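In the form deposited without its partner chain, a lone chain appears below as structure tokens.
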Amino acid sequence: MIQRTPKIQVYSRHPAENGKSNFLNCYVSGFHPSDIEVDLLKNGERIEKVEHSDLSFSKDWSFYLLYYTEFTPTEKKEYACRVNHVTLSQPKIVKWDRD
């Protein structure tokens, strides 16, 4: 068995086709097992309709999830990614550092 804590990166990307589109991304990488809970948050609020949850694996025991959705960030909110994984005794919340 192997378990690997996800690396969690939260970042925004504008698809080059539409600069006004902005995706909040939670890239959860390298984890195993694949069981995982990933949410994008705005303040504590789960962003419900995350358009993309792209899971892949490299090696059988390394999973990668790009969990991203269009958003329109306000300065008035914090955006984060919350990951639960067995390796994470507490939900890991990684804030988007937009600047």
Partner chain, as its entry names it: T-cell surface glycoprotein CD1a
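Positions refer to the first chain, counted from 1.
Chemist: Given the B-factors recorded for C-alpha atoms, which segment has the greater mean, 51-59 or 24-32?
Modeler: Mean CA B-factor is higher for 51-59.
Chemist: Pick between 90-98 and 4-12: the one whose mean CA B-factor in the entry is higher.
Modeler: Per the PDB record, 90-98.
Chemist: When the modelled residues of the chain are sorted by Cα temperature factor, does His85 land in the lowest, middle or highest third?
Modeler: CA B-factor rank for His85: lowest third.
Note that the form deposited with its partner chain bound isn't included here; everything after this is about it.
Chemist: Is any part of 32-63 within 4.5 angstroms of its partner chain in the entry with it bound by a non-hydrogen atom, and which residues would that be?
Modeler: Counting only heavy atoms within 4.5 Å of its partner chain in the entry with it bound, the contacting residues of 32-63 are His32, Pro33, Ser34, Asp35, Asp54, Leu55, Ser56, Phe57, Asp60, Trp61, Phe63.
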